[PDB]
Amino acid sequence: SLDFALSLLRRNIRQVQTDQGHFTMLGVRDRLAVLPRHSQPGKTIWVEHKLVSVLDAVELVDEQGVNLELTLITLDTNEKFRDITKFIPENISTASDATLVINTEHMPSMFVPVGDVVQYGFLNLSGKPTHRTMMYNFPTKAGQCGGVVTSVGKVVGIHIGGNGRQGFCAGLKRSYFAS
């Protein structure tokens, strides 16, 4: 079923470009959105070919101070994202038979069946650590970062990396988005 993923594409998931290239952005509520940290959003970001000022950005770490590979940004806009925090679990959550939802200029409105999303934890890519990751046995590619991992009406992760055969996401929990 594509219905839940589609509802997020319509109201929450946007094509963006930063100085690092093309990414999928997840708007969570109000003016608050999340990107993979390595997208390095600057003082402005291109959202579907519109220049948008970024008011604040925080590169999240866990309590040990280790990178989570997620950056929260506040956009300078009067638009509000429909609040999806209720779909984000309170704890980092594995999932079965997930759909990775990608939306960039190169990969528009894309629904990728990635299979089960399984615990991984501490992951090192390019020599850089990330905590709270999960893995799927699907050959994800460049350009898919920021993709939204969904399963059974839950939003559980953001795509961050891959080795050519498997893919990895940063897990989401609801408290990351609390005010």
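Note that residue numbering begins at 1 and tracks the sequence as displayed.
Checklist entry - Comparing 58 to 66 with 42 to 50, which has the greater mean CA B-factor as deposited? => result Higher mean C-alpha B-factor in the PDB entry: 42 to 50.
Checklist entry - Between 71 to 79 and 100 to 108, which has the higher average C-alpha B-factor in the PDB entry? => result Result of the comparison: 71 to 79.
Next on the checklist: Just to confirm, going by the entry's C-alpha B-factors, which of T133, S151, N124, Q144 comes out highest?
Outcome noted: Comparing C-alpha B-factors across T133, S151, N124, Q144, the maximum falls on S151.
Next on the checklist: What third of the chain does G157 rank in for C-alpha temperature factor, lowest, middle or highest?
Outcome noted: Lowest third.
Checklist entry - Would the CA B-factor of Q15 place it in the lowest, middle or highest third of its chain? => result Bottom third by C-alpha B-factor.
Next on the checklist: For the chain shown, is the CA B-factor of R37 in the lowest, middle or highest third of its modelled residues?
Outcome noted: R37: CA B-factor falls in the lowest third of its chain.
Checklist entry - If you rank the chain by CA B-factor, which third does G21 end up in: lowest, middle or highest? => result Tercile = highest for this residue's CA B-factor.
Checklist entry - In terms of the CA temperature factor given in the entry, to which third of its chain does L8 belong: lowest, middle or highest? => result For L8, whose C-alpha B-factor we compare with every modelled residue in the chain, the answer is the middle third.
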